[PDB]
Amino acid sequence: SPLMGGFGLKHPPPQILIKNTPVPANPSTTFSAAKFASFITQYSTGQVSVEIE
Amino acid sequence: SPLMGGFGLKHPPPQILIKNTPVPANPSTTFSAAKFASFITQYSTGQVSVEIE
Amino acid sequence: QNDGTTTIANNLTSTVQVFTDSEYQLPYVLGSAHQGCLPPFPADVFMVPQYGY
Amino acid sequence: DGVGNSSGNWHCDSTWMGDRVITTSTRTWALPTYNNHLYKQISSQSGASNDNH
Amino acid sequence: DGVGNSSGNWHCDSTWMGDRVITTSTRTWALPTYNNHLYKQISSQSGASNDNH
């Protein structure tokens, strides 16, 4: 039993992981094998709903 | 009977409640547990129709 | 951000990517009493925490 | 459903059937964001008279 | 599915059936881009105490 309190679970509710997909900004007209350091600045938002029985 | 006049109802027409959902504006790149004080300023509009028999 | 002003616009084609690990293959951060929970009061807006291990 | 499809038409009209009558009305509304998205406690001010608290 | 269609509704509510109880809650979130899209190594700083590495 967790020492902070609550229900010890071998298989707890899984972790939900979320990311904003990268959106490159204006590549150069000539090829470069280097990594992209420049992206469109941006974020996201929305609603999340949890129902426990 | 209402003293202003009209029809007293135990179960009147219900209240219709409406809200603009918040749209946060540009969160910081590092995590902060504080509440959001900054939102996109905005409003809405549309049409409403009522039919009574 | 141009000069001292900031513009925010929809990017309609951008994606957000989401997975849940049901096989428990990542370090499990939950249950360490970290902050960034869904707020107690439903009208609050919260920032999503960053994942690290 | 869509960005370019109307969700409904304008019904404002009255029909008298000799026993019933149906009065339909449509209006256009505008909905600000009140209290900058958040609930607030309100109360009477200070030395307001006892009747007005 | 669409730009002008809602993906889901706001469910925040609680029902007590006398044996079970279901608590549903919905919130609004905001998701920055952390670490400017890239993973990073992190470690304790220099002369931090042995307990804190």
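We call the chains A, B, C, D and E, going by the order they appear; numbering starts again at 1 in every chain.
The rule is short, and it goes like this: a residue touches a chain if its C-beta (ideal position, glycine included) is under 8 Å from a C-beta of that chain, and two chains touch if they have at least 3 such contacts.
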Per the touch definition, the chains contacting both chain A and chain C are B, E
Hey, which pair has more contacts between C-betas, B-E or A-E?
A-E
Whole-Å gap between the CA centroids of chain B and chain D
9
What is the distance, in whole Å, between the centres of chain C and chain E, each centre taken as the mean of its C-alpha atoms?
5
Chain-centre distance (mean CA atoms) for chain A and chain B, in whole Å, is 31
Using the touch definition from the top, which residues of chain B touch two or more other chains?
21-22, 24, 26-28, 30-31, 36, 39
Pairwise chain contacts under the document criterion:
A-B, A-C, A-E, B-C, B-D, B-E, C-D, C-E, D-E
Seen from chain A, its contact residues with chain B in the complex are 43, 45, 47
Contact residues on chain A for chain C in the complex?
2, 4, 6, 11-21, 23, 40-42, 44, 46, 48, 50
With touch defined as at the start, can you tell me which chain D residues reach chain C in the complex?
37-39
So in the complex, the part of chain D that touches chain E is made up of which residues?
1-3
So, in the complex, the side of chain E touching chain D is made of residues 2-5
